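S.K.: Submitted below is the structure of interest, expressed as structure tokens.
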Amino acid sequence: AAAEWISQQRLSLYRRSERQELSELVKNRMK
Amino acid sequence: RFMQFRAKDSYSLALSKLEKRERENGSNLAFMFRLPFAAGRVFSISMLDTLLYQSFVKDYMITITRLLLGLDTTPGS
């Protein structure tokens, strides 16, 4: 049933905005 | 034409005449009949220029290319 979670994340990363992209890039560098 | 060059080869040397004839008829695809390009051994980046110029007439062309290349991932594509 892992494919259901994969699909849930797939739609989430598709819907995510550029501001979220820039925010996560900074947070990845910080951590 | 210089990707895999067999100078002692009549076939690859005859392809020069064919490509010159296509270049005579005004064909933009004259490199097409070269064996390395036809086999996928070479491609040129100037093609992406044609993709951009084509996008003035085909606004979907860039999207289709990236979907085939996997560059953009749309769910259900």
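Chains: A, B, ... in order of the structure tokens. Residues: from 1 per chain. Ligands: from 1, in order shown.
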Distance limit 9 Å, atoms considered: only C-alpha atoms. Which chain B residues sit that close to chain A? Return them as an mmCIF file with N, CA, C and O atoms, in the first residue's frame.
M.R.:
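Output (part28.cif):
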```cif
data_model
loop_
_atom_site.group_PDB
_atom_site.id
_atom_site.type_symbol
_atom_site.label_atom_id
_atom_site.label_comp_id
_atom_site.auth_asym_id
_atom_site.auth_seq_id
_atom_site.Cartn_x
_atom_site.Cartn_y
_atom_site.Cartn_z
ATOM 1 N N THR B 73 7.489 16.515 -14.902
ATOM 2 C CA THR B 73 6.755 15.331 -14.465
ATOM 3 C C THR B 73 5.355 15.759 -14.042
ATOM 4 O O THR B 73 5.165 16.298 -12.947
ATOM 5 N N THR B 74 4.388 15.525 -14.908
ATOM 6 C CA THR B 74 2.996 15.776 -14.574
ATOM 7 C C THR B 74 2.338 14.481 -14.138
ATOM 8 O O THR B 74 2.457 13.469 -14.845
ATOM 9 N N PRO B 75 1.667 14.455 -12.988
ATOM 10 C CA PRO B 75 0.990 13.224 -12.560
ATOM 11 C C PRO B 75 -0.028 12.768 -13.594
ATOM 12 O O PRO B 75 -0.881 13.541 -14.038
#
```
S.K.: Taking the chain letters and numbering used in this document, name the residues of chain B that DSSP puts in helix (DSSP H, G or I), as a ChimeraX atom specification.
M.R.: /B:10-24,31-33,35-38,46-54,61-69
S.K.: What does the structure give for the distance between CA of residue 21 (chain B) and CA of residue 58 (chain B), in Å to one decimal?
M.R.: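 Interatomic distance, CA of residue 21 (chain B) to CA of residue 58 (chain B): 29.2 Å.
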S.K.: For each of B:67, B:13, B:76, B:53, take the minimum atom-to-atom distance to residue 34 (chain B), counting only C-alpha atoms, then give the residue where this is smallest.
M.R.: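 Closest to residue 34 (chain B) of all the choices is B:13.
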S.K.: Residues within 10 Å of residue 22 (chain B), please, as a CSV table (one decimal) with N, CA, C and O atoms, in the first residue's frame. Count only C-alpha atoms; anything in the same chain fewer than 6 positions from it doesn't count.
M.R.:
```csv
chain,number,residue,atom,x,y,z
B,16,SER,N,27.6,11.6,-48.9
B,16,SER,CA,27.9,13.0,-49.2
B,16,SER,C,27.2,13.6,-50.4
B,16,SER,O,26.7,14.7,-50.3
B,28,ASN,N,16.3,21.6,-44.8
B,28,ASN,CA,16.9,21.9,-43.5
B,28,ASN,C,17.5,20.7,-42.8
B,28,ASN,O,18.3,20.8,-42.0
B,29,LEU,N,17.0,19.5,-43.2
B,29,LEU,CA,17.5,18.2,-42.7
B,29,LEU,C,18.3,17.6,-43.7
B,29,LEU,O,17.9,16.7,-44.5
B,30,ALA,N,19.6,18.0,-43.8
B,30,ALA,CA,20.5,17.5,-44.8
B,30,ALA,C,21.6,16.5,-44.1
B,30,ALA,O,22.1,15.6,-44.8
B,31,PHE,N,21.8,16.8,-42.8
B,31,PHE,CA,22.7,15.9,-42.0
B,31,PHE,C,22.0,14.6,-41.7
B,31,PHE,O,22.6,13.7,-41.2
B,32,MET,N,20.7,14.5,-42.1
B,32,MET,CA,19.8,13.4,-41.6
B,32,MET,C,20.4,12.1,-42.0
B,32,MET,O,20.3,11.1,-41.3
B,33,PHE,N,20.9,12.0,-43.3
B,33,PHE,CA,21.2,10.7,-43.8
B,33,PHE,C,22.7,10.3,-43.5
B,33,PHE,O,23.1,9.2,-43.9
```
S.K.: Write out as a PDB file with N, CA, C and O atoms, in the first residue's frame which residues come within 10 Å of residue 5 (chain B) when counting only C-alpha atoms, dropping same-chain ones fewer than 5 positions away.
M.R.:
```
ATOM      1  N   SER B  12      29.678   5.454 -47.216  1.00  0.00           N
ATOM      2  CA  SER B  12      29.678   6.702 -46.463  1.00  0.00           C
ATOM      3  C   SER B  12      30.105   7.881 -47.322  1.00  0.00           C
ATOM      4  O   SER B  12      29.692   9.015 -47.054  1.00  0.00           O
ATOM      5  N   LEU B  13      30.929   7.639 -48.341  1.00  0.00           N
ATOM      6  CA  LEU B  13      31.317   8.692 -49.270  1.00  0.00           C
ATOM      7  C   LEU B  13      30.197   9.022 -50.248  1.00  0.00           C
ATOM      8  O   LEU B  13      30.098  10.165 -50.709  1.00  0.00           O
ATOM      9  N   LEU B  35      25.206   8.428 -41.305  1.00  0.00           N
ATOM     10  CA  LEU B  35      24.990   7.227 -40.500  1.00  0.00           C
ATOM     11  C   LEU B  35      25.055   7.465 -38.995  1.00  0.00           C
ATOM     12  O   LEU B  35      24.200   6.912 -38.280  1.00  0.00           O
ATOM     13  N   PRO B  36      26.017   8.218 -38.443  1.00  0.00           N
ATOM     14  CA  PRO B  36      26.035   8.392 -36.980  1.00  0.00           C
ATOM     15  C   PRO B  36      24.803   9.085 -36.430  1.00  0.00           C
ATOM     16  O   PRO B  36      24.268   8.654 -35.401  1.00  0.00           O
TER      17      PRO B  36
END
```
S.K.: What separation in Å, quoted to one decimal, exists between CA of residue 63 (chain B) and CA of residue 77 (chain B)?
M.R.: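 Computing the Euclidean distance for CA of residue 63 (chain B) and CA of residue 77 (chain B) yields 11.6 Å.
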S.K.: Distance CA of residue 26 (chain A)-CA of residue 66 (chain B), one decimal place?
M.R.: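 That distance, rounded to one decimal, is 27.0 Å.
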